[PDB]
$ cat query-v6.txt   # compact mmCIF, N, CA, C and O atoms
# COMPACT_ATOMS: atom_id res chain seq x y z
N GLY A 176 -9.61 -9.39 -5.25
CA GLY A 176 -9.35 -9.69 -3.85
C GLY A 176 -9.41 -11.17 -3.54
O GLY A 176 -8.96 -12.00 -4.33
N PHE A 177 -9.97 -11.50 -2.38
CA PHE A 177 -10.03 -12.89 -1.95
C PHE A 177 -11.04 -13.66 -2.79
O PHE A 177 -12.25 -13.42 -2.71
N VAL A 178 -10.55 -14.60 -3.60
CA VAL A 178 -11.39 -15.38 -4.49
C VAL A 178 -12.17 -16.42 -3.68
O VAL A 178 -11.61 -17.07 -2.79
N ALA A 179 -13.44 -16.58 -4.01
CA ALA A 179 -14.38 -17.39 -3.24
C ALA A 179 -14.89 -18.54 -4.10
O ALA A 179 -15.55 -18.31 -5.12
N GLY A 180 -14.62 -19.76 -3.67
CA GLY A 180 -15.07 -20.92 -4.40
C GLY A 180 -16.55 -21.20 -4.19
O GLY A 180 -17.24 -20.53 -3.42
N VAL A 181 -17.04 -22.21 -4.90
CA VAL A 181 -18.41 -22.67 -4.75
C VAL A 181 -18.41 -24.19 -4.86
O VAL A 181 -18.00 -24.74 -5.88
N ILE A 182 -18.87 -24.86 -3.80
CA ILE A 182 -18.94 -26.31 -3.73
C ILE A 182 -20.34 -26.67 -3.27
O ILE A 182 -21.05 -25.86 -2.68
N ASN A 183 -20.76 -27.90 -3.57
CA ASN A 183 -22.13 -28.32 -3.33
C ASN A 183 -22.28 -29.18 -2.07
O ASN A 183 -23.21 -29.98 -1.99
N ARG A 184 -21.40 -29.00 -1.08
CA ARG A 184 -21.39 -29.81 0.14
C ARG A 184 -21.30 -31.30 -0.16
O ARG A 184 -21.90 -32.12 0.56
N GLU A 185 -20.56 -31.69 -1.19
CA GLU A 185 -20.40 -33.11 -1.48
C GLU A 185 -19.46 -33.75 -0.46
O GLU A 185 -19.84 -34.70 0.24
N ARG A 186 -18.24 -33.24 -0.38
CA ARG A 186 -17.21 -33.81 0.48
C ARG A 186 -16.44 -32.70 1.18
O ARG A 186 -15.21 -32.76 1.30
N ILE A 187 -17.15 -31.67 1.64
CA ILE A 187 -16.48 -30.53 2.27
C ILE A 187 -15.67 -30.92 3.51
O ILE A 187 -14.57 -30.38 3.69
N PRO A 188 -16.16 -31.79 4.41
CA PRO A 188 -15.37 -32.09 5.62
C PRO A 188 -13.96 -32.60 5.32
O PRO A 188 -12.98 -31.99 5.76
N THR A 189 -13.86 -33.71 4.59
CA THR A 189 -12.55 -34.29 4.31
C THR A 189 -11.68 -33.35 3.48
O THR A 189 -10.49 -33.18 3.77
N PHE A 190 -12.26 -32.71 2.47
CA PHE A 190 -11.49 -31.83 1.60
C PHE A 190 -10.96 -30.63 2.36
O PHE A 190 -9.79 -30.26 2.22
N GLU A 191 -11.80 -30.02 3.19
CA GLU A 191 -11.38 -28.83 3.92
C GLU A 191 -10.39 -29.19 5.02
O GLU A 191 -9.47 -28.41 5.31
N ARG A 192 -10.55 -30.36 5.64
CA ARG A 192 -9.55 -30.83 6.59
C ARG A 192 -8.21 -31.04 5.89
O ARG A 192 -7.15 -30.66 6.41
N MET A 193 -8.24 -31.62 4.69
CA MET A 193 -7.02 -31.79 3.92
C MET A 193 -6.39 -30.44 3.60
O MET A 193 -5.17 -30.29 3.66
N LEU A 194 -7.21 -29.44 3.27
CA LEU A 194 -6.67 -28.11 3.06
C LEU A 194 -6.03 -27.56 4.34
O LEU A 194 -4.96 -26.94 4.29
N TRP A 195 -6.68 -27.77 5.49
CA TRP A 195 -6.13 -27.24 6.73
C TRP A 195 -4.80 -27.89 7.09
O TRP A 195 -3.93 -27.25 7.69
N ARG A 196 -4.63 -29.17 6.76
CA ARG A 196 -3.38 -29.82 7.13
C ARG A 196 -2.29 -29.61 6.09
O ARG A 196 -1.11 -29.55 6.44
N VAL A 197 -2.65 -29.50 4.81
CA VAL A 197 -1.63 -29.42 3.76
C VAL A 197 -0.82 -28.14 3.90
O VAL A 197 0.42 -28.18 3.92
N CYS A 198 -1.49 -26.99 4.01
CA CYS A 198 -0.83 -25.69 3.90
C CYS A 198 -1.17 -24.79 5.08
O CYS A 198 -1.17 -23.56 4.95
N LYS B 329 4.53 -47.78 18.61
CA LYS B 329 3.09 -47.73 18.38
C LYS B 329 2.36 -47.21 19.61
O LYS B 329 1.49 -46.32 19.54
N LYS B 330 2.69 -47.78 20.78
CA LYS B 330 2.21 -47.20 22.02
C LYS B 330 2.59 -45.74 22.10
O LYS B 330 1.81 -44.89 22.54
N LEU B 331 3.80 -45.40 21.62
CA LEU B 331 4.21 -44.01 21.64
C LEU B 331 3.40 -43.18 20.66
O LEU B 331 3.13 -42.01 20.90
N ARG B 332 3.01 -43.77 19.53
CA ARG B 332 2.13 -43.07 18.60
C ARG B 332 0.87 -42.65 19.32
O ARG B 332 0.45 -41.49 19.25
N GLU B 333 0.28 -43.56 20.09
CA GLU B 333 -0.93 -43.22 20.84
C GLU B 333 -0.65 -42.19 21.94
O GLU B 333 -1.41 -41.23 22.12
N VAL B 334 0.44 -42.36 22.69
CA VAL B 334 0.71 -41.44 23.79
C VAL B 334 1.04 -40.04 23.27
O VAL B 334 0.50 -39.05 23.75
N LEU B 335 1.92 -39.95 22.27
CA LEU B 335 2.22 -38.66 21.67
C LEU B 335 1.00 -38.08 20.96
O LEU B 335 0.87 -36.85 20.86
N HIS B 336 0.08 -38.92 20.48
CA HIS B 336 -1.21 -38.41 20.03
C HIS B 336 -1.91 -37.70 21.17
O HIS B 336 -2.45 -36.60 21.00
N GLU B 337 -1.91 -38.31 22.36
CA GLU B 337 -2.51 -37.66 23.52
C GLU B 337 -1.82 -36.35 23.85
O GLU B 337 -2.49 -35.35 24.16
N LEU B 338 -0.49 -36.32 23.80
CA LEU B 338 0.29 -35.14 24.19
C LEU B 338 0.36 -34.07 23.11
O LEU B 338 0.87 -32.98 23.39
N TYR B 339 -0.09 -34.35 21.88
CA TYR B 339 -0.01 -33.39 20.79
C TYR B 339 -1.35 -33.05 20.15
O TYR B 339 -1.39 -32.11 19.35
N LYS B 340 -2.42 -33.78 20.45
CA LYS B 340 -3.72 -33.40 19.91
C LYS B 340 -4.15 -32.04 20.43
O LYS B 340 -4.73 -31.24 19.68
N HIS B 341 -3.88 -31.76 21.70
CA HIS B 341 -4.29 -30.49 22.30
C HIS B 341 -3.51 -29.30 21.77
O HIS B 341 -3.87 -28.16 22.07
N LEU B 342 -2.45 -29.53 20.99
CA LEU B 342 -1.80 -28.44 20.29
C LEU B 342 -2.78 -27.76 19.34
O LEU B 342 -2.84 -26.53 19.26
N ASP B 343 -3.55 -28.56 18.60
CA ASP B 343 -4.56 -28.02 17.70
C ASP B 343 -5.85 -27.70 18.43
O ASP B 343 -6.55 -26.75 18.08
N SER B 344 -6.18 -28.50 19.45
CA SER B 344 -7.28 -28.33 20.39
C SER B 344 -8.66 -28.62 19.79
O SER B 344 -9.63 -28.68 20.55
N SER B 345 -8.77 -28.85 18.48
CA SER B 345 -10.09 -28.95 17.85
C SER B 345 -10.39 -30.36 17.34
O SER B 345 -11.37 -30.96 17.79
N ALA B 346 -9.59 -30.91 16.43
CA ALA B 346 -9.86 -32.21 15.83
C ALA B 346 -8.71 -33.19 15.95
O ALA B 346 -8.93 -34.34 16.35
N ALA B 347 -7.50 -32.78 15.61
CA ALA B 347 -6.39 -33.71 15.50
C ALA B 347 -5.08 -32.97 15.28
O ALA B 347 -4.45 -33.11 14.24
N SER B 362 -8.25 -39.44 7.82
CA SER B 362 -7.09 -40.16 8.34
C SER B 362 -5.94 -39.20 8.58
O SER B 362 -5.85 -38.16 7.93
N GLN B 363 -5.06 -39.52 9.54
CA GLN B 363 -3.96 -38.62 9.83
C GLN B 363 -2.92 -38.62 8.72
O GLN B 363 -2.50 -37.55 8.27
N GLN B 364 -2.50 -39.79 8.24
CA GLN B 364 -1.46 -39.87 7.22
C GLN B 364 -0.20 -39.14 7.70
O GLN B 364 0.14 -39.23 8.89
N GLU B 365 0.48 -38.41 6.82
CA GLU B 365 1.57 -37.55 7.24
C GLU B 365 1.08 -36.24 7.84
O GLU B 365 1.91 -35.45 8.31
N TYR B 366 -0.23 -35.97 7.80
CA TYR B 366 -0.83 -34.83 8.49
C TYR B 366 -0.91 -35.09 10.00
O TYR B 366 -1.96 -35.40 10.56
N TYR B 367 0.24 -34.94 10.65
CA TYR B 367 0.31 -35.09 12.09
C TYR B 367 0.17 -33.73 12.76
O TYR B 367 0.34 -32.69 12.12
N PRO B 368 -0.14 -33.70 14.05
CA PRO B 368 -0.01 -32.45 14.83
C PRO B 368 1.41 -32.10 15.23
O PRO B 368 1.60 -31.15 15.99
N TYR B 369 2.41 -32.84 14.74
CA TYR B 369 3.81 -32.59 15.02
C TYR B 369 4.59 -32.67 13.71
O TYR B 369 4.12 -33.24 12.72
N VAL B 370 5.79 -32.10 13.72
CA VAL B 370 6.65 -32.05 12.54
C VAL B 370 7.64 -33.20 12.65
O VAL B 370 8.49 -33.22 13.54
N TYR B 371 7.55 -34.16 11.72
CA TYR B 371 8.29 -35.40 11.81
C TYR B 371 9.07 -35.70 10.54
O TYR B 371 8.58 -35.50 9.43
N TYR B 372 10.29 -36.20 10.72
CA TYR B 372 11.08 -36.80 9.65
C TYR B 372 11.86 -37.98 10.22
O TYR B 372 11.96 -38.15 11.43
N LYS B 373 12.39 -38.80 9.32
CA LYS B 373 13.05 -40.05 9.66
C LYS B 373 14.51 -40.03 9.23
O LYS B 373 14.87 -39.42 8.22
N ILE B 374 15.36 -40.69 10.02
CA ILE B 374 16.77 -40.86 9.71
C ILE B 374 17.10 -42.34 9.85
O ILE B 374 16.69 -42.98 10.83
N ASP B 375 17.86 -42.88 8.90
CA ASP B 375 18.11 -44.32 8.81
C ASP B 375 19.50 -44.57 8.24
O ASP B 375 20.26 -43.64 7.96
N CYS B 376 19.82 -45.85 8.06
CA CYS B 376 21.08 -46.28 7.46
C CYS B 376 21.11 -45.98 5.97
O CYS B 376 21.01 -46.89 5.14
$ encode --input "query-v6.txt" --output "structure tokens"
Amino acid sequence: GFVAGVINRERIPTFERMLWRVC
Amino acid sequence: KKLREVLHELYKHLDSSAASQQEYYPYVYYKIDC
């Protein structure tokens, strides 16, 4: 099903914003 | 440039939440030239 990543809160804001705008 | 700021005002509320911008604008843009 829906695959779930794991990140250590290093750069989640910028990276996730980039994900929201890219696709 | 003034228009960049004004259209920022008129298009930020499209997303309503947050919005570097880069080519990630709140509007769909392309350019035409010579």
$ closest_atom_pairs --input "query-v6.txt" --of "chain B" --to "chain A" --cutoff "7 Å" --atoms "only N, CA, C and O atoms" --output "JSON lines"
{"residue": "B:365", "atom": "O", "partner": "A:196", "partner_atom": "O", "distance": 6.9}
{"residue": "B:366", "atom": "CA", "partner": "A:196", "partner_atom": "O", "distance": 5.7}
{"residue": "B:367", "atom": "O", "partner": "A:196", "partner_atom": "O", "distance": 6.7}
$ atom_distance --input "query-v6.txt" --atom1 "atom N of residue 368 of chain B" --atom2 "atom C of residue 331 of chain B"
12.1 Å
$ select_by_dssp --input "query-v6.txt" --residues "chain B" --states "alpha helix (DSSP H)" --output "number ranges by chain"
B: 330-343
$ write_last_selection --input "query-v6.txt" --atoms "N, CA, C and O atoms" --output "CSV table (one decimal), in the coordinates of the input"
chain,number,residue,atom,x,y,z
B,330,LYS,N,2.7,-47.8,20.8
B,330,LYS,CA,2.2,-47.2,22.0
B,330,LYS,C,2.6,-45.7,22.1
B,330,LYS,O,1.8,-44.9,22.5
B,331,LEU,N,3.8,-45.4,21.6
B,331,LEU,CA,4.2,-44.0,21.6
B,331,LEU,C,3.4,-43.2,20.7
B,331,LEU,O,3.1,-42.0,20.9
B,332,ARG,N,3.0,-43.8,19.5
B,332,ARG,CA,2.1,-43.1,18.6
B,332,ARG,C,0.9,-42.6,19.3
B,332,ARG,O,0.4,-41.5,19.2
B,333,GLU,N,0.3,-43.6,20.1
B,333,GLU,CA,-0.9,-43.2,20.8
B,333,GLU,C,-0.6,-42.2,21.9
B,333,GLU,O,-1.4,-41.2,22.1
B,334,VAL,N,0.4,-42.4,22.7
B,334,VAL,CA,0.7,-41.4,23.8
B,334,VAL,C,1.0,-40.0,23.3
B,334,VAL,O,0.5,-39.0,23.8
B,335,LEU,N,1.9,-40.0,22.3
B,335,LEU,CA,2.2,-38.7,21.7
B,335,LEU,C,1.0,-38.1,21.0
B,335,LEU,O,0.9,-36.8,20.9
B,336,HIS,N,0.1,-38.9,20.5
B,336,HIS,CA,-1.2,-38.4,20.0
B,336,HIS,C,-1.9,-37.7,21.2
B,336,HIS,O,-2.4,-36.6,21.0
B,337,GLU,N,-1.9,-38.3,22.4
B,337,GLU,CA,-2.5,-37.7,23.5
B,337,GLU,C,-1.8,-36.4,23.8
B,337,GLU,O,-2.5,-35.4,24.2
B,338,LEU,N,-0.5,-36.3,23.8
B,338,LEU,CA,0.3,-35.1,24.2
B,338,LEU,C,0.4,-34.1,23.1
B,338,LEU,O,0.9,-33.0,23.4
B,339,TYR,N,-0.1,-34.4,21.9
B,339,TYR,CA,0.0,-33.4,20.8
B,339,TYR,C,-1.4,-33.0,20.2
B,339,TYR,O,-1.4,-32.1,19.4
B,340,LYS,N,-2.4,-33.8,20.4
B,340,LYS,CA,-3.7,-33.4,19.9
B,340,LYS,C,-4.2,-32.0,20.4
B,340,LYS,O,-4.7,-31.2,19.7
B,341,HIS,N,-3.9,-31.8,21.7
B,341,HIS,CA,-4.3,-30.5,22.3
B,341,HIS,C,-3.5,-29.3,21.8
B,341,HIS,O,-3.9,-28.2,22.1
B,342,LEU,N,-2.4,-29.5,21.0
B,342,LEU,CA,-1.8,-28.4,20.3
B,342,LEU,C,-2.8,-27.8,19.3
B,342,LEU,O,-2.8,-26.5,19.3
B,343,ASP,N,-3.6,-28.6,18.6
B,343,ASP,CA,-4.6,-28.0,17.7
B,343,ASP,C,-5.8,-27.7,18.4
B,343,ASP,O,-6.6,-26.8,18.1
$ atom_distance --input "query-v6.txt" --atom1 "atom N of residue 376 of chain B" --atom2 "atom N of residue 330 of chain B"
21.4 Å
$ atom_distance --input "query-v6.txt" --atom1 "atom CA of residue 362 of chain B" --atom2 "atom O of residue 375 of chain B"
27.6 Å
$ axis_aligned_box --input "query-v6.txt" --around "segment 179-191 of chain A" --padding-each-side "5 Å" --output "JSON"
{"center_x": -16.3, "center_y": -25.6, "center_z": -0.1, "size_x": 23.7, "size_y": 28.1, "size_z": 21.6}
$ decode --input "query-v6.txt" --residues "segment 329-346 of chain B" --atoms "N, CA, C and O atoms" --output "tab-separated table (two decimals), in the first residue's frame"
chain	number	residue	atom	x	y	z
B	329	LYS	N	8.53	43.93	-12.09
B	329	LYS	CA	8.94	43.60	-10.73
B	329	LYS	C	7.88	44.04	-9.72
B	329	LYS	O	7.48	43.28	-8.82
B	330	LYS	N	7.41	45.28	-9.86
B	330	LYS	CA	6.25	45.70	-9.09
B	330	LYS	C	5.09	44.75	-9.33
B	330	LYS	O	4.36	44.40	-8.41
B	331	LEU	N	4.95	44.29	-10.57
B	331	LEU	CA	3.88	43.34	-10.87
B	331	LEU	C	4.13	42.00	-10.20
B	331	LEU	O	3.20	41.32	-9.80
B	332	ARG	N	5.39	41.59	-10.09
B	332	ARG	CA	5.71	40.37	-9.37
B	332	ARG	C	5.17	40.47	-7.95
B	332	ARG	O	4.50	39.56	-7.47
B	333	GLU	N	5.41	41.61	-7.30
B	333	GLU	CA	4.89	41.78	-5.94
B	333	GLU	C	3.36	41.84	-5.91
B	333	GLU	O	2.71	41.23	-5.05
B	334	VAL	N	2.75	42.59	-6.83
B	334	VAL	CA	1.30	42.73	-6.81
B	334	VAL	C	0.61	41.40	-7.12
B	334	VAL	O	-0.31	40.98	-6.41
B	335	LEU	N	1.05	40.71	-8.17
B	335	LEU	CA	0.50	39.40	-8.48
B	335	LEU	C	0.82	38.38	-7.39
B	335	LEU	O	0.06	37.44	-7.19
B	336	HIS	N	1.92	38.57	-6.66
B	336	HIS	CA	2.13	37.78	-5.45
B	336	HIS	C	0.99	38.02	-4.47
B	336	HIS	O	0.45	37.07	-3.90
B	337	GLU	N	0.61	39.28	-4.28
B	337	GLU	CA	-0.52	39.58	-3.41
B	337	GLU	C	-1.81	38.94	-3.92
B	337	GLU	O	-2.58	38.39	-3.12
B	338	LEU	N	-2.06	39.00	-5.22
B	338	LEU	CA	-3.30	38.50	-5.81
B	338	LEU	C	-3.32	36.99	-6.01
B	338	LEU	O	-4.38	36.46	-6.36
B	339	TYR	N	-2.20	36.30	-5.84
B	339	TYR	CA	-2.14	34.86	-6.06
B	339	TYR	C	-1.68	34.05	-4.86
B	339	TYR	O	-1.78	32.82	-4.90
B	340	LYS	N	-1.16	34.69	-3.81
B	340	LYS	CA	-0.79	33.93	-2.62
B	340	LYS	C	-2.01	33.29	-1.98
B	340	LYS	O	-1.95	32.15	-1.50
B	341	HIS	N	-3.14	34.01	-1.96
B	341	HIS	CA	-4.36	33.49	-1.34
B	341	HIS	C	-4.98	32.34	-2.12
B	341	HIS	O	-5.91	31.71	-1.61
B	342	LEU	N	-4.50	32.05	-3.33
B	342	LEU	CA	-4.91	30.84	-4.02
B	342	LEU	C	-4.54	29.61	-3.20
B	342	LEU	O	-5.34	28.68	-3.05
B	343	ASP	N	-3.32	29.60	-2.65
B	343	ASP	CA	-2.88	28.50	-1.81
B	343	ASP	C	-3.35	28.67	-0.37
B	343	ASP	O	-3.64	27.69	0.32
B	344	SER	N	-3.41	29.92	0.09
B	344	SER	CA	-3.96	30.36	1.37
B	344	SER	C	-3.08	30.04	2.56
B	344	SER	O	-3.37	30.52	3.66
B	345	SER	N	-1.99	29.27	2.40
B	345	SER	CA	-1.23	28.79	3.54
B	345	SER	C	0.16	29.40	3.62
B	345	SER	O	0.47	30.05	4.62
B	346	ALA	N	1.01	29.22	2.61
B	346	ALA	CA	2.39	29.70	2.65
B	346	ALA	C	2.77	30.58	1.48
B	346	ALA	O	3.34	31.66	1.68
